[PDB]
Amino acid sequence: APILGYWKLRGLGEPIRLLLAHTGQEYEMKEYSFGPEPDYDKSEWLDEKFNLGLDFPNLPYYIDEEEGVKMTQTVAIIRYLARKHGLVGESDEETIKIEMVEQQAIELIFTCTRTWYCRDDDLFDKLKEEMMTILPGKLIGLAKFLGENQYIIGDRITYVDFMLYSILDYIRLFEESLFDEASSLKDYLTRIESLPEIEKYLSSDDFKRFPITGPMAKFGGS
């Protein structure tokens, strides 16, 4: 039965975990923990890193010996699973919209990570204020995109709803004020949370909202 490897944190793994949950697909979850203060070494990962026959050894990874699958890119992984459970577009019109939103989600992750991982206080704060001034536009764009739709593509839930859920949730837990002029999105997150297996997943003891990022990062650390 298939394996999903990633850190103890939510980070890039959550949206895959979310999709596995929704589709009720059985998986074993292999987690890696960091070292203690103030090292937090990745040695537990690095010991096994190059010895799993991964083309591009990285976290997360997904391994299905049973299906002869051994992958390592978060998007690649989620698109693979999306294909298997038909959580992809049924038309190129759909596909275009899905993939725009996909990339839109990733772009947020870039901006956020670039900031949450900067350690220089004088720099962290600088980027934080720069983020505050940029994201509102981003969130409005998504609000406009979604509009009266239930999910990103309308009525049907696609893998991008999982992607989007997490990055928006992370932003929510970071500065809700950014959602002040984009309420529609909060409703959307709730809509997702109300989903049966996502509600189970989120109400599990295994679920904790923190941490989002590594203990090394300023935000979402502990």
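Heads up: residue numbers just count along the shown sequence, starting at 1.
> Please work out which of 51 to 59 and 36 to 44 has the higher mean CA B-factor as recorded in the PDB entry.
Between 36 to 44 and 51 to 59, it is 36 to 44 that shows the higher mean C-alpha B-factor.
> Quick check: 9 to 17 versus 206 to 214, which has the larger average CA B-factor in the record?
Averaging CA B-factors over each stretch, the winner is 206 to 214.
> From 169, 31, 180, 161, can you pick the one with the highest C-alpha B factor in the entry?
The record points to 180.
> Can you pull the Cα B-factors for 127, 87, 77, 105 from the entry and say which is highest?
Highest CA B-factor of the listed options: 127.
> Based on the deposited C-alpha B factors for this chain, I'd like to know if residue 111 is in the lowest, middle or highest third.
Its C-alpha B-factor, which the entry lists for residue 111, ranks in the middle third among residues of this chain.
> Is residue 119 in the lowest, middle or highest third of its chain when residues are ranked by C-alpha B-factor?
Ranked within chain, residue 119 CA B lands in the highest tercile.
> If you rank every modelled residue in this chain by C-alpha B factor, which third holds residue 101: lowest, middle or highest?
Lowest third.
> Where does the C-alpha B-factor of residue 81 rank in its chain, lowest, middle or highest third?
According to the entry, residue 81 has a C-alpha B-factor in the chain's lowest third.
> Compare the C-alpha B factor of residue 71 with those of the other modelled residues in its chain, then answer lowest, middle or highest third.
For residue 71, whose C-alpha B-factor we compare with every modelled residue in the chain, the answer is the lowest third.
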